[PDB]
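Encoded as structure tokens, the following chain is the form deposited in one PDB entry, with no partner shown.
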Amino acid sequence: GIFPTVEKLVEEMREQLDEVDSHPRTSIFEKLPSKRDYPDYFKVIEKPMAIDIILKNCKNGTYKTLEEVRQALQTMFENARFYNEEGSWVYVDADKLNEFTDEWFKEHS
């Protein structure tokens, strides 16, 4: 269905490397923090989101269209910019990776 498209998208997202240390800008977005170790995070963020969740939701049918997958990414980036301070490496990776997704989705379906 739409999994191979999102699969190719995520594969290309993980190919967005940092200019200095060459670390992927998807690093901190791969997984959600443990609720036991970061209880404050989940008290605020109404809709936590990570890459693995988006991938799971494309396989099981929770996300059927690309607008839902794009909307999910937007939420992931909004959560990161809301919880992290401006200028931090996480905030920057959120912006720059968001810049890439915005271009990609306009540049494809």
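A residue's number is simply how far along the shown sequence it sits, counting from 1. Between two forms, the rigid core is defined as the largest C-alpha subset superposing within 1.5 Å.
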Inset, instruction - Determine, for 54 to 62 and 35 to 43, which one has C-alphas that on average lie farther from this form in 4 other deposited structures of this protein; superpose on the rigid core first. - result: 35 to 43
Inset, instruction - Would you tell me which stretch averages the higher CA B-factor in the PDB entry, 25 to 33 or 63 to 71? - result: 63 to 71
Inset, instruction - Using the B-factor values recorded in the entry, state whether the Cα atom of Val10 falls in the lowest, middle or highest third among the modelled residues of its chain. - result: lowest
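From this point on, the text means the form solved in complex with a partner chain, which you will not see here.
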Inset, instruction - Using heavy atoms only and a 4.5 Å cut-off, decide whether all three of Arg25, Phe82 and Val92 touch its partner chain in the deposited complex. - result: yes
Legend entry - Touches its partner chain in the deposited complex: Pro33 (any heavy atom, 4.5 Å): yes
Inset, instruction - Please run the contact check for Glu11 against its partner chain in the deposited complex: heavy atoms, 4.5 angstroms, yes or no? - result: no
Inset, instruction - Indicate whether its partner chain has at least one heavy atom within 4.5 Å of a heavy atom of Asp18 in the deposited complex. - result: yes
Legend entry - 4.5 Å heavy atom contact, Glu67 and its partner chain in the deposited complex: no
